[PDB]
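Protein chains in written order, with UniProt numbering: chain A, 18 to 109, 129 to 176; chain B, 12 to 137; chain C, 3 to 14, 22 to 172; chain D, 3 to 62, 66 to 199; chain E, 4 to 35, 41 to 126; chain F, 2 to 107. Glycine residues also receive a C-beta, built at the ideal position from the N, C-alpha and C atoms.
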Amino acid sequence: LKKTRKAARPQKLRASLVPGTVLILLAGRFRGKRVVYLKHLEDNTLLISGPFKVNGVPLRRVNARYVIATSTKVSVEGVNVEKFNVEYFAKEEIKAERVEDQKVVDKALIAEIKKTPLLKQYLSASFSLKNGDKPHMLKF
Amino acid sequence: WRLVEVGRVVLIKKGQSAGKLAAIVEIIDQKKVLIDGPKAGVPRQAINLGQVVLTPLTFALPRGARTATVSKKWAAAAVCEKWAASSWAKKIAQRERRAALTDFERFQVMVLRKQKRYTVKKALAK
Amino acid sequence: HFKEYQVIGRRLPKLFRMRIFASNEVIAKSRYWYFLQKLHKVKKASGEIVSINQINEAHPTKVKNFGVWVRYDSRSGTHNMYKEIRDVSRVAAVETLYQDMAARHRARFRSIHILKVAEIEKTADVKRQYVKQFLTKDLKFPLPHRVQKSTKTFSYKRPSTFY
Amino acid sequence: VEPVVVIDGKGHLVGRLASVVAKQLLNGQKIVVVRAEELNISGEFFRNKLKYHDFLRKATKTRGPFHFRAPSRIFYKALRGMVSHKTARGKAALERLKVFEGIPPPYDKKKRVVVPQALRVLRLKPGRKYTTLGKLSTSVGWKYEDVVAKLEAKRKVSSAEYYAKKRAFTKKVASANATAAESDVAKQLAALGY
Amino acid sequence: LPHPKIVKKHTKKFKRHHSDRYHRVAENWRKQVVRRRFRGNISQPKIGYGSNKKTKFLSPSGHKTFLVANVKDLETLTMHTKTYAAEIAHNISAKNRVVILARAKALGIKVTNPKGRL
Amino acid sequence: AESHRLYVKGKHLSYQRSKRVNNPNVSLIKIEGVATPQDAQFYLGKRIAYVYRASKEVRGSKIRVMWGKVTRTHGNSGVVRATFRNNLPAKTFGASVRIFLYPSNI
RNA sequence: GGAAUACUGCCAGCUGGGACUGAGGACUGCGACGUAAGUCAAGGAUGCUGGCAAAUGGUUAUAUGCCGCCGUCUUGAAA
RNA sequence: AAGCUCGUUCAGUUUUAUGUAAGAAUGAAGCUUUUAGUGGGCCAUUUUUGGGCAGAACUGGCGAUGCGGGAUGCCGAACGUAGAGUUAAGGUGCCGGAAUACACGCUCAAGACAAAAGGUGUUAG
RNA sequence: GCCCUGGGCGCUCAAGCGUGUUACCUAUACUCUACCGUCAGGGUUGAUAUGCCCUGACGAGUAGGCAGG
RNA sequence: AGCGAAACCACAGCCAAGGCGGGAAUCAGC
RNA sequence: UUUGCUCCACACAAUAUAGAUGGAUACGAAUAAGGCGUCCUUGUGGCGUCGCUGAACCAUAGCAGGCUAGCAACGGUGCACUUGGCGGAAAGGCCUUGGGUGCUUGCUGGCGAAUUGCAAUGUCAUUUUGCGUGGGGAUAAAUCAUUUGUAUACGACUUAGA
């Protein structure tokens, strides 16, 4: 095999994705649910939180291309997401750490969510389309 | 019955000036007229009646008035304030705002709509 | 969308000069060469186009009752015709005349000769009623049976044509 | 889009209406036509009548041409020539079409629709002659026009009372909204577009 | 591995023109509107359908099929086991088939048609 | 919420074709609401899914789905060309289709 | 007196959305980055991830979108 | 096809000489010798013949010719098997894949050999 | 200028006519790339061969001729 | 209620016109 | 035909969709005018005003939508009943009185969501048919035969009979 000259350039994320932004998932068991972006992982996935205590969505890895960006942002500076890593999702039934870490993460974000009025209930409600909707026109 | 005349204010339907207000300065022929709108920034140019819709408002304008005179008369007549009070301008602004609503804004709108509907239904019958 | 150009020639002198209306300088040069044969006996290889320059309207912001003399080659010879057109610029006035000729006499750019165009600054000088009617004092008239381009395939309100 | 669309033939043009209905049918949209007896065709009565009578005698010989009298069937024939009939796709498309004189139930209690680009008044130049189709059907052999009008007259009645009741209900709703105005929820909705 | 997508170009095997209508006509391709390659007619085999050299004669498993009928023939593939697979002829008795299969398995040569008469 | 829809609905018209020649490798898909190619530009690259039911129970379920993609716009009415790994059967002419919102960029 | 702007042409200007293509096979060649090691979009794709014991797909029947009896004959290609 | 030997010699290519010494442009060879087949008319054109018609001196095209368009029999384009994008002819109300697109007027019955003549039919100099 | 006497459905401010301006429909035509073959040029053995290769162009066709199975 | 062929057989056919071409089964007329 | 036939309740399968994935979301009449609210000296009347698109209206928040606590009203609404009216064009639907029973996101809280591992429509509609029980309802008709003679080429047709 010849020496292919293709360097692993780091991923470039679209400007519409910023930490603390409200994300919407279009695929998966949580499709249609509203989630909060936290950190970008080395595997090109997005670390997000429901938070779990609000809508039941735990910390999960998601792909940007399947996520619709929104202008609504919330503070995420107080959450120490450095603990999470790609190795934190390997498996080779819920693990004990998955509960305590999720609770700790949600404790530092439930207050911020409650700071903005109607944001808790807004996240608790699953997003869905309606008759006559025109996503291209809508800003989301 | 709206009639085309000098000083008649009109709304442009299509083009780079679409959505802006202009006034008829001089009629060229049955299908083409000369319009201007210094306040809206639309340059003085001729336009066909098919590309413009006449508004019910009207103000006095000298025939063949230049850009400065047209702007002065438009400012003096204050036709902009009358236009905003018209139901058509209100509907245009409402449509623009509704199209500009965000998803969270739409959810808040739905919550407020439910709150209003509860009271409205309670007010009936009684 | 026509354009006005001034083209001169001298067969390599008298410096014959005329005004040519064409969509581009290339067509203007060809029309000038064609008109040279009609005006006098000259060929393309005889000389060269001394100068060609586009002429822009002095002020495309004033309505002018252009008086135009046009000669066209009908199916049975060529006849001299004169008309008056109300417009804002010569470029638009000549285009309107061309469209009118093509609609009625079916004469087109191939068989239409533009002689002279001049504005009329005094009323009662235009002898054509279709232009004379627009020279009166500020008038008003409606636009009955107006229509709207309904993008949606279906309508529920039964649209009205009122203006 | 509604599962089924009802089109009011009143003041419409046979040609454009048939073309648009056929195009929608080919796309897989169900459409129904009502008040077909009031449909209109461009041109004076004599021209349209002659164009139809000549058709009745053009021969294939009864296997081909049929002296079909119903105006709804005439409209279907007009739309029939605009569809790829005699094939599975075209025949299946025609299955989603129904034409009835007047407005029989249960279509009466449902919102009918009109085609803006197929309006006879909108597209036909004012002052020019036009044909009402009903007279043509009556002259060519149709005899149910009198009964159609008689039982359509009852359609306007009762429906008028329903409209009056709906008008009263909307008056009450408008009054409730007017007294509901100036509320905090209403003010917030107005600020947020709605 | 060196088994890239093998594009057959034309999977449908050609059939003699009008062979279906008449029984006497065999399906073996034979030249003669077909000669004029009219629209809506069967295509004529031509140089355009040539398979790539690097993948010609290769089975979907990415190995060449080599007929074998003796121990020496199977052993000859010991050097070319990576590319050539063994194939037992239909005339080989079941008695020698066991020995051939055992030798192929011991030398790593794959058998295209195992279980024959077993 | 009563409505769980997350994909823009549409219709299937016919494959790319001429007066007498049709290539099923390209399918013309109409998207509800779209009117001009400019609006359809947003839907480019979106996966198109067709859902149909069969009596036999396939390995995973009773539902079978085809996974396609959008290629480019078509016509002045906003029609968009759609390509599938397996071309849709001709019987589905005029049938509805599902256009998902991913992959997205907004 | 002054700019602006429509139009034309240039950018070895910038920034995206979408479609097909991955073809070559250990390094030798022309170039950019760098004070040097070394790096690079620089004579053809790499890195990661998920579903799988019928997987992908083949022949065939039937229905859908479009297309459509043979050799010799006069020889104007023809019935 | 068959030997030589010159790599250059050639051209259905284009103006001044008066048809050319062309150190004018553009493109890129010769003598042989024997070896299968080859004896048609025609569409359009040319020379432009006379009184309907009949031969005719000529220049482009088939015979051996697919494909798109014209419902079907001149225009485009001349052909390996495939993926991707733009077009020719011809089209964008449906059958039929494409804008019931914009702009200037026309027309009441048409519209996709009769023009010799008339209309108090309609619109212009 | 048009009318009167002299492909199917339908169309009538055309979906008729002439013309001007943009967009779109798609041939085996054109542009980029994957593969077979022919034709042309070249590397090749102090062994890597009627072989292993690199580069370009070309691909209609009856009788007829040649070549390969 | 017998005893069992021959002729013929690519395959066609219900007509509107031009490129010379808009339905079970048998009994009664030519 | 071991409820055989039929209409229902529950109950397991096959069968497929010309192709749901919130709502066909009801006047008439004119298009060189019609509504809406009001006035009434009631009219083709006066007054304020709406169009120029549905780019809207009704709804839409909960494990695809659960449990439970508190506040304000007895309004909104899913569903089993009941008094009564309207709809005969293809009426087969529209409702209306009264309570009963869930929810109510109108407002404020406590509970579980994870593992489908970064997605694989991630299965929720009925069209028809087949088999297993219980709640009722009724228990007939035609052909041949026999024959008729208005009919009758032969069919066919028209009859009488437990």
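Asked	Found
Against chain B: residues of the stretch 98 to 126 of chain C by CB proximity under 7 Å	none
Partner residues on chain F for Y83/A, Cβ-Cβ distance less than 8 Å	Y103, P104, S105
Contacts of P131/D in chain C (Cβ-Cβ under 7 Å)	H154
For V77/C, three-class secondary structure by DSSP	strand
Minimum Cβ-Cβ distance from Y172/C to chain D less than 8 Å	no
Chain C contacts from the stretch 117 to 146 of chain D (Cβ-Cβ distance under 8 Å)	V118, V119, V120, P121, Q122, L124, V126, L127, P131
Spatial distance of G67/A from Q138/A (CA atoms)	10 Å
Limits of the alpha helix (DSSP H) - the one that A127/C falls within	No alpha helix (DSSP H) contains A127/C, which is instead part of the beta strand (DSSP E) from 121 to 127.
Three or more C-beta pairs below 8 Å linking the stretch 105 to 115 of chain B and the stretch 139 to 158 of chain D	no
Environment of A123/D [buried if 16+ CB atoms lie within 10 Å]	buried
Close Cβ partners of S32/C (< 7 Å) along its chain, the five nearest in sequence each way excluded	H3, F4, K5
Counterpart residues of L15/D in DSSP-defined beta bridges	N42/D
Under 8 Å between C-beta atoms of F118/B and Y158/A	yes
Anticipated Cβ contact below 8 Å, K31/F with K10/F, distance rounded	That belief does not hold up - the Cβ atoms of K31/F and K10/F are roughly 10 Å apart, past 8 Å.
Rounded straight-line distance, which links the Cα of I100/F to that of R48/A	15 Å
Buried/exposed call for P171/A, threshold 16 Cβ in 10 Å	buried
N- and C-terminal bounds of the beta strand (DSSP E) containing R95/C	86 to 96
Secondary structure of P67/B, DSSP reduced to three states	strand
Secondary structure of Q27/B, DSSP reduced to three states	coil
Cβ-based neighbour list, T37/F, same chain, cut-off 8 Å, excluding 5 preceding and 5 following	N77, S78, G79
CB of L75/E within 8 Å of CB of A110/E, strictly	no
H98/E, DSSP secondary structure in three states	coil
Within chain D, the residues that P168/C reaches when beta carbons sit closer than 9 Å	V119, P121, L124, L127
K20/F burial status per 10 Å Cβ neighbour count (16 or more: buried)	exposed
Minimum Cβ-Cβ distance from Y158/A to chain B less than 8 Å	yes
Nearest to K175/A (by Cα), restricted to the options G52/B, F115/B, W94/B	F115/B
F47/A at chain F interface by Cβ criterion, 8 Å	no
Rounded distance between the beta-carbons of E40/D and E150/D, thought under 8 Å	Contact flag wrong, Cβ pair sits at about 11 Å.
For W32/E, three-class secondary structure by DSSP	coil
Rounded separation between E187/D and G168/A - CA only	30 Å
Touching by the beta-carbon criterion (3+ pairs, under 8 Å), the stretch 56 to 66 of chain A and the stretch 26 to 42 of chain A	yes
Sequence-distant residues of its chain with Cβ nearer than 8 Å to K70/F (five each side left out)	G46, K47, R48, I49, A83, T84, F85
Alpha-carbon to alpha-carbon, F47/D and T137/D	8 Å
Minimum Cβ-Cβ distance from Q193/D to chain B less than 8 Å	yes
8 Å Cβ cutoff, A111/B in contact with chain A	yes
Counterpart residues of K31/F in DSSP-defined beta bridges	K12/F
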